[PDB]
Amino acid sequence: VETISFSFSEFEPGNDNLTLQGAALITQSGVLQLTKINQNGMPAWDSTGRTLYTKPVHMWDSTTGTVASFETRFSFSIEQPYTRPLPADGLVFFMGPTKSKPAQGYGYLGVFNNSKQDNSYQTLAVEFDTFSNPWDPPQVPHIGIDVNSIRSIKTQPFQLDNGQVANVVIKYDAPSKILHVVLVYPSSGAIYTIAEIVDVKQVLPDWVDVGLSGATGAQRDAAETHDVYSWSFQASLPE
């Protein structure tokens, strides 16, 4: 069995295992701020940032045809402090081609280039979307399962508990081809669940980079924080 696992109970500036892109940075307090937090402590608009684990993950064996199952968990908080305009844009966990660089920001969340489906993205992502774009369901925030497109194949509305920490659990089971996602707010006790069929051998390249990305909006104060406190990941490829 070929495995890979990692766990960050908190983040530390200078950590060997994380690539930081765009606006993303790690605070001395141990927080990964995906998008820029200004001097005052307010989130800046027009910001996009990502982090990637430094080692690629083997998701399926192009010789035997075996497919990996994985699990990932992270805790994040989104605070929307402006009364106007509408907050934007959200954060996302993603898996895609290695040597990945940030794509477009705003509603594309630093992961996709435009709003069309393109199998060449070879990317799977689980979004926590805060702004309803032309391709989105109306309810925001929502969790979305994105397969080669920012237009989710399935979404689940969730109520934001402003500024509070949410816990996320994402599992992909290769036998069933089920990607199942859970979001829990300890603060309020709210629990949300969403699941969909994803054929990773068809969707992803055999080796992938895994990461997190966040983005704020395209106009003044269409923004919010996208802070991550911890992140663990584990994958197992049968041999």
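Numbering starts at 1 and runs along the sequence shown.
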I need to verify one thing: averaged over C-alpha atoms only, is the B-factor higher for 197-205 or for 176-184? 197-205
Ranked by mean Cα B-factor in the entry, 150-158 and 81-89, top stretch is 81-89
Which listed residue, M42, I170, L212, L32, has the largest C-alpha temperature factor in the record? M42
Among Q21, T225, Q219, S230, single out the one with the highest C-alpha B factor in the record, please. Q219
Quick tally, chain-level thirds of C-alpha B-factors: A190 sits in the middle
Could you place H58 in the lowest, middle or highest third of its chain by Cα temperature factor, using the values in the record? highest
Comparing against every modelled residue in the chain, figure out the third that the C-alpha B-factor of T51 lands in (lowest, middle or highest). lowest
Lowest, middle or highest third: which one holds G96 when the chain's residues are ordered by CA B-factor from the entry? middle
Binned into thirds over the chain's modelled residues, the C-alpha B-factor of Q104 lands in the middle
